[PDB]
Amino acid sequence: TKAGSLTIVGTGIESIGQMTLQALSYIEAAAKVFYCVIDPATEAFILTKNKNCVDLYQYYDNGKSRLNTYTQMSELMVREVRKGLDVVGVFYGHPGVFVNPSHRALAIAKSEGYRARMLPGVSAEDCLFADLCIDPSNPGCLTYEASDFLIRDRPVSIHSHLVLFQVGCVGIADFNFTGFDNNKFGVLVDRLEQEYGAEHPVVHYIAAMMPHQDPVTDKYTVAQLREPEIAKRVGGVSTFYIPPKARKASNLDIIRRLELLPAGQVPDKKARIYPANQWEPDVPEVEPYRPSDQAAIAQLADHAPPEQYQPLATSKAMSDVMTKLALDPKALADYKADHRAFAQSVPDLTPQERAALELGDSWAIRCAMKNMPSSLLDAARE
Amino acid sequence: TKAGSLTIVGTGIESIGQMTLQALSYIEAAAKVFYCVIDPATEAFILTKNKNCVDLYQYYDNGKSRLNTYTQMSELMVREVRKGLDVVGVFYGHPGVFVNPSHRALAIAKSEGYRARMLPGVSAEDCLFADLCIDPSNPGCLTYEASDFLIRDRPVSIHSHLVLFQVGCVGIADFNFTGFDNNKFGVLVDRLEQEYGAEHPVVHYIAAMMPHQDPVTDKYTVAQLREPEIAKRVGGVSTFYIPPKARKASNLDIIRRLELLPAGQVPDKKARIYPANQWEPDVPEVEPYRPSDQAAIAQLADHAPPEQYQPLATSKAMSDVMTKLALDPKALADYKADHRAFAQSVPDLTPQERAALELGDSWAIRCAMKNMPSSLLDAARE
Amino acid sequence: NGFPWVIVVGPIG
Amino acid sequence: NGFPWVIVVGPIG
Ligand SMILES: Nc1ncnc2c1ncn2[C@@H]1O[C@H](CSCC[C@H](N)C(=O)O)[C@@H](O)[C@H]1O
Ligand SMILES: Nc1ncnc2c1ncn2[C@@H]1O[C@H](CSCC[C@H](N)C(=O)O)[C@@H](O)[C@H]1O
Ligand SMILES: [Mg+2]
Ligand SMILES: [Mg+2]
């Protein structure tokens with residue numbers, strides 16, 4: 001009911017291309033745009049999409065507490081919300097991943113009764129998984145701010161991935177336009193030596209910010225981080241990835257309670273699923289085409305879709321309206337205000353399609369766009 | 001040099017809108033598209049963007065090992081790469097976050113000497129941070145697969161965020177079109193009781209997959225997860241968020257080595273930065289407008305951009321070419337093949353702009369698009 | 001209703 | 001060269 005809204009969106013890390021379609025649609029729809037980005041091509045792109053943009057970066061200053069900057073950034077956005085404007089804040093990467101003023105501005109907007117939403121974006125950690133060819137699932141992922149990691153003595157797991165953000169500004173709470181020398185970097189290296197040993201690999205990661213750039217994926221030993229010429233390479237957009245040093249064994253009680261053993265024993269805990277983490281120290285070559293793999297590939301020749309497979313069975317009119325709801329914030333607002341009125345004014349919908357949109361039920365819509373074979377006789381209703 | 005390439009991209013979680021601009025551009029440019037997605041509107045959208053698409057979901061079957069499905073999915077993509085095609089694989093969310101066949105297919109393609117890249121996307125964890133209004137930085141984040149969490153007895157930190165994926169299929173290595181009953185869910189609840197206590201909150205999180213849907217953000221006690229009517233609500237797209245139960249104190253030795261104390265003591269470790277995590281048990285109301293905040297806001301009236309602030313100073317021709325490099329994979333390939341030839345054939349560039357593109361140096365390009373004030377006299381060169 | 005079921009990782013060991 | 005410097009979180013406590 002109340003006039004004014006705050007939508008905070010991300011740009012992703014790589015210039016322009018890592019922005020989501022919905023982030024772009026909200027930037028275009030906004031009355032006012034406030035942005036804080038990491039390259040001028042992304043800034044130029046944003047200014048082509050909205051006539052009313054403010055750069056939040058101008059609220060940093062030499063020796064000015066970042067906390068004071070964050071308060072000001074948040075207040076500039078919430079002031080325009082209180083005036084009844086649809087405001088979009090734009091932060092590079094994911095706007096809620098290692099960002100103070102987005103969470104502050106949204107909490108204030110929400111607490112005062114305005115519509116407030118964060119749209120997720122592609123973070124530096126998302127880029128890290130893609131560029132270093134690792135999956136956080138295998139074998140779990142710990143993510144920390146480097147100064148917080150040290151000050152609160154946050155635990156590491158030698159059996160899981162470790163990701164450290166802000167390794168270029170250890171112990172620095174203020175700002176300088178020319179960056180910092182990172183004189184307390186050795187305190188971080190001391191902690192990594194204690195946890196992992198002097199010979200353990202650390203990957204210096206910088207995601208490409210321009211589309212033609214290659215990422216920095218430079219493996220050093222903990223010991224090599226003490227060399228001044230290596231330490232000096234760590235800057236404002238540097239992230240560290242520390243791979244596991246060991247594989248963790250399985251718990252026999254859980255194996256029993258989950259009934260994972262048909263009868264008795266198996267080979268090993270080290271018989272890895274291909275591919276192996278290429279950053280882990282002393283990990284063996286894993287065979288991609290084991291006999292089991294070759295047998296699975298041989299079955300492709302005679303493959304047919306299972307009876308319970310649900311083929312897409314939709315229409316141009318239905319795919320057009322679902323695309324419009326995703327890419328047009330005004331259409332989505334209109335639909336959310338009155339499902340029936342909206343549904344009945346969409347041309348060329350089938351009766352089922354119209355009925356599904358009228359209800360707004362996610363399951364009805366899925367059902368209208370996919371063939372449900374008799375065999376599927378699922379429990380979606382039960 | 002070698003014919004054929006594999007690019008794996010994501011769709012994000014929310015239908016269509018959470019796809020990145022670059023993911024869309026690669027789907028449009030591909031000779032062949034292989035996809036595995038979580039809603040039919042996204043599937044329909046992909047089929048409008050490329051004439052040659054294959055649904056990978058048809059390679060699941062009842063009682064068929066997911067490992068055999070993953071081998072087949074990977075082989076269907078690499079077969080087309082070996083034939084010299086530009087192949088795009090599409091997985092929902094981030095295609096490398098809790099995905100086996102993407103990493104497999106890329107490692108095989110890379111090992112055989114083909115061009116292989118993963119483009120990051122918006123994961124379910126990215127959605128979780130946005131919808132639950134938490135920052136992984138505050139106070140660190142542990143992310144696990146629920147079965148792996150139990151089988152390898154992965155450590156929790158009561159002082160950091162915990163995120164568990166695949167909580168709806170504890171101990172299940174195969175597949176059923178109608179889903180699973182999740183009969184071993186109680187083994188997970190037992191572990192959460194041991195680590196956190198019966199009264200500790202667990203947030204049942206499901207990101208909206210359709211643009212009009214609200215996310216599920218349902219807080220339960222560990223004890224409430226034992227109620228059959230609550231346990232039954234956990235399905236294939238369910239994630240758990242477990243908030244910290246305590247704030248971790250600062251280490252005095254690190255405080256000293258980072259020189260964080262001007263003279264002596266301070267109030268507390270609990271004087272939180274606004275806003276507080278709303279999911280944490282028994283966390284006090286934090287004041288958003290402390291006297292320090294009010295003073296920072298009062299300074300906005302007399303604010304001017306600092307002398308070292310670098311205003312955008314570019315041209316339509318330069319912003320157009322940087323946008324084209326981000327949104328046109330063919331233009332990017334042409335540019336990467338011959339910087340000089342490409343740069344010299346861009347119309348309307350200034351001499352500086354042409355020179356920067358000729359070099360391809362990220363710093364030269366940034367310099368050509370931003371005004372460097374004399375004051376900045378930075379060390380970017382030193 | 002717990003749908004969809006698109007599990008594309010695991011077992012992890 | 002360690003640029004840019006766009007740090008938008010910290011201190012965390
Ligand atoms: N290009 C890049 N490559 C790697 N890490 C980067 C990066 N840009 C930023 N970061 C990381 O992010 C920190 C700043 S905090 C902002 C992070 C951003 N919101 C995101 O979603 O990723 C940096 O100190 C660094 O650790
Ligand atoms: N809509 C949704 N909301 C919350 N979690 C979801 C989700 N869709 C998938 N997930 C999580 O992801 C698991 C499948 S693994 C695939 C994850 C996907 N690649 C991503 O980037 O997120 C699910 O069991 C669940 O834990
Ligand atoms: Mg590690
Ligand atoms: Mg926790």
Side-chain angles (χ1 to χ4, degrees), chain A residues 63 65-67 70 98 100 142-158 160-176 179-198 200 202 204 220-228 230-232 234-236 238-242 245, chain B residues 135-142 155-161 244-273 277, chain D residues 2 5 7-13:
Chain A
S65 179
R66 295 205 305 273
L67 290 177
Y70 307 153
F98 290 73
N100 176 300
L142 279 70
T143 301
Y144 299 125
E145 200 277 331
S147 298
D148 173 72
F149 171 67
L150 294 175
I151 297 165
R152 254 67 66 178
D153 195 32
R154 304 278 184 203
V156 310
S157 181
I158 61 160
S160 292
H161 304 297
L162 178 63
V163 176
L164 299 180
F165 280 61
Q166 304 207 153
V167 293
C169 41
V170 175
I172 299 159
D174 65 339
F175 177 88
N176 196 287
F180 286 93
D181 292 349
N182 201 23
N183 286 331
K184 300 302 183 177
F185 179 68
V187 176
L188 174 57
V189 180
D190 281 344
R191 182 74 196 286
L192 294 178
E193 188 186 3
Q194 182 182 83
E195 298 294 351
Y196 290 97
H200 190 76
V202 180
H204 182 210
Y220 302 103
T221 63
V222 171
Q224 281 176 324
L225 300 183
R226 299 192 185 281
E227 300 188 11
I230 292 172
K232 212 142 194 167
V234 182
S238 292
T239 292
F240 283 175
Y241 169 61
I242 304 88
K245 48 181 295 177
Chain B
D135 186 336
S137 77
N138 174 23
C141 192
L142 279 70
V156 310
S157 181
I158 61 160
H159 302 108
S160 292
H161 304 297
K245 48 181 295 177
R247 282 204 71 75
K248 198 153 190 303
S250 298
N251 167 322
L252 176 65
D253 161 68
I254 296 292
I255 283 174
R256 275 205 214 99
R257 291 186 71 193
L258 296 187
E259 304 169 357
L260 305 189
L261 290 196
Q265 278 311 117
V266 345
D268 211 313
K269 89 202 178 177
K270 186 49 170 270
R272 281 167 190 244
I273 305 308
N277 183 342
Chain D
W5 285 89
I7 304 301
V8 209
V9 79
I12 280 157

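No hydrogens, no waters, no symmetry mates; every other heavy atom, side chains included, goes into these values. So that the names make sense, note that chain A is the first sequence line, chain B the second, and so on, each numbered from 1.
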Does any part of the side chain of D:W5, heavy atoms only, come nearer than 4.5 Å to the side chain of A:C169, both counted from C-beta? yes
Among all residues two or more places apart in sequence or in another chain, which pass the side chain to side chain donor-acceptor pair (under 3.5 Å) test with B:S160? none
For B:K269, the side chain to side chain contact (heavy atoms under 4.5 Å, CB included) test, sequence neighbours excluded, returns B:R247, B:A249
Flag side-chain contact, heavy atom, 4.5 Å: B:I158 against B:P244: no
What's the separation between atom CD1 in D:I12 and atom CG in A:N100, rounded to the nearest 0.5 Å? 9.5 Å
With rounding to the nearest 0.5 angstrom, report the CZ to OH distance, A:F98 to A:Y144. 11.0 Å
What one should report as the nearest heavy-atom pair of A:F149 and A:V156 is CE1-CG1, 3.4 Å
Is any side-chain N of the basic residue among A:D181 and A:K232 closer than 4.0 Å to the acidic one's carboxylate O? no
Salt bridge (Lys or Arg N to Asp or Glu O under 4.0 Å) pairs, two or more places apart, involving residues 248-257 of chain B: A:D190-B:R257
Shortest non-hydrogen contact between B:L142 and B:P155, atoms and distance: CD2-O, 3.5 Å
Taking side chain to side chain donor-acceptor pair (under 3.5 Å) as the definition, give me every residue that meets it alongside A:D148, ordered by chain and number, with sequence neighbours left out. A:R152, A:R154
Within the side chain of A:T239, is there an N or O that forms a donor-acceptor pair under 3.5 Å with the backbone of A:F165? no
By ring pair (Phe, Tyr, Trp, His ring centres under 6.0 Å) - contacts of B:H159 (at least two apart): none
Shortest non-hydrogen separation from B:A271 to B:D268 and the atoms involved: N-CB, 4.3 Å
Closest approach of A:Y241 to A:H161 (non-hydrogen atoms, all atoms of both residues): OH-ND1, 2.7 Å
List for me each residue that meets side chain to side chain contact (heavy atoms under 4.5 Å, CB included) alongside A:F180, sequence neighbours excluded, and say none if there are none. A:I172, A:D174, A:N176
Out of curiosity, A:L192 CG to A:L162 CG, how far, rounded to the nearest 0.5 Å? 7.5 Å
Nearest non-hydrogen partners of D:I7 and A:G236, listed with the distance: CD1-O, 3.6 Å
B:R272: salt bridge (charged side-chain N to carboxylate O under 4.0 Å, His left out) partners, not counting sequence neighbours: B:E280
To the nearest 0.5 Å, atom OH of A:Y220 lies from atom CD1 of A:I230 at 5.5 Å
Counting N and O atoms only, with roles assigned by atom type, does the side chain of A:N182 sit under 3.5 Å from a partner on the main chain of A:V170, one being a donor and the other an acceptor? yes
With sequence neighbours left out, write down each residue that passes salt bridge (charged side-chain N to carboxylate O under 4.0 Å, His left out) with A:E227, or none if nothing qualifies. none
Looking at CD of A:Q166 and OG of A:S238, how far apart are the two atoms once the value is rounded to the nearest 0.5 Å? 11.5 Å
Listed by chain and number, what are the salt bridge (charged side-chain N to carboxylate O under 4.0 Å, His left out) partners of A:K184, not counting sequence neighbours? B:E259
Quick one: side chain to side chain donor-acceptor pair (under 3.5 Å) partners of A:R66, sequence neighbours excluded? A:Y70
Kindly write out the residues that satisfy side chain to side chain contact (heavy atoms under 4.5 Å, CB included) with B:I254, not counting sequence neighbours, or none if the list is empty. A:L150, A:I151, A:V187, B:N251, B:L258
So do B:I273 and B:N138 actually touch side chain to side chain, heavy atoms under 4.5 Å? no
Residues at least two apart in sequence or cross-chain that pass side chain to side chain contact (heavy atoms under 4.5 Å, CB included) with A:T221, listed by chain then number, are A:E199, A:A223, A:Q224
